[PDB]
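# Sequence plus experimental coordinates follow:
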Amino acid sequence: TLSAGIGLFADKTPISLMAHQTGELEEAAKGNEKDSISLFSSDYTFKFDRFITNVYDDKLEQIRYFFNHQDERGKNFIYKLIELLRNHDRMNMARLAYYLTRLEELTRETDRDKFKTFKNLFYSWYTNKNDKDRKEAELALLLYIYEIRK
RNA sequence: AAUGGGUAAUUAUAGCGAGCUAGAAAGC
């Protein structure tokens, strides 16, 4: 099996600078056990097994199903979820518990239960002890913000 | 009945605890 490195680059940055900052990512992708699809940065180096089945079709599809059948929580909510996923001490688990429970009582009570299943999903895979689900959620929310940008 | 006096209780209670939008754009 193979090991990829995907780098995101802006408009018209030169291909000499572009083919080298991506060789770094695919040698960081070769910098674990067998293979990895090292995405955007030098971290985010997920194994392909705990990618496509687990990020690109599991977590991002549930993130996409939440924020497209729902109206009141927007990019500000996703921004704070990414911030809490990026910092992540134990105190941020407490702050995330307070935040999600506090916004659950701030929906329309016809949108409370869809939010409640999403709250339980995000709080379950924020505190999951595997350590992988937080990183996968962070990259999945990266992808969802990169889709919905105007 | 006189005369001397006041004595006790509560000292805030129940909530909201931020929300949304932007999350970098042009150039060299």
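Thanks, I have it. Numbers count the residues shown, from 1 in each chain, chains lettered A, B, ... in the order given.
# And stretch A:97-117, how far out from the chain middle?
Centroid separation for stretch A:97-117 versus its chain: 20 Å, with C-alpha atoms, centre = their mean, to the nearest Å.
# That should have said stretch A:90-100, apologies.
With C-alpha atoms, centre = their mean, you get 17 Å for stretch A:90-100.
# Is that stretch in proximity to RNA strand B?
Yes - interface with RNA strand B: stretch A:90-100 contributes A:98-99 (C-beta under 7 Å from any atom of the strand). Bear in mind the C-beta positions are built from the backbone N, C-alpha and C, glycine included.
# Only the buried residues of that stretch, if you could.
Residues of stretch A:90-100 classed as buried: A:92, A:96, A:99-100 (neighbour count, 16 or more other C-beta atoms under 10 Å).
# Stretch A:118-132 now?
So, applying 16+ other C-beta under 10 Å, buried residues of stretch A:118-132: A:118-119, A:121-123, A:125-126.
# Apart from its chain neighbours, what residue comes closest to the residue in chain A that RNA strand B sits nearest to?
Going by C-beta to the nearest atom of the strand, RNA strand B is nearest to residue A:74 of chain A, at 1.8 Å. Nearest non-adjacent residue to residue A:74, counting by C-beta to C-beta, 6 or more residues apart in numbering: residue A:67, 7.9 Å away.
# Please look at the one you found and residue A:78 and confirm they touch.
Yes - in this structure residue A:67 lies within contact range of residue A:78 using C-beta atoms under 8 Å: 7.2 Å.
# next one: the helix or strand that residue A:27 is a member of to chain centre, how far?
Per DSSP states H and E, residue A:27 falls inside helix A:23-29. On the basis of C-alpha atoms, centre = their mean, helix A:23-29 sits 20 Å off its chain's mean C-alpha point.
# in that helix, what counts as buried?
By neighbour count on 16+ other C-beta under 10 Å, the buried set for helix A:23-29 is A:25-26, A:28-29.
# helices or strands up against it?
Packing partners of helix A:23-29 (3 or more C-beta pairs under 8 Å, 6 or more residues apart in numbering; DSSP states H and E): strand A:37-38, strand A:45-46.
# so of the ones you listed, which one's packed in deepest?
Mean neighbours per residue, mean count of other C-beta atoms under 10 Å, is largest over these for strand A:37-38, with a mean of 24.
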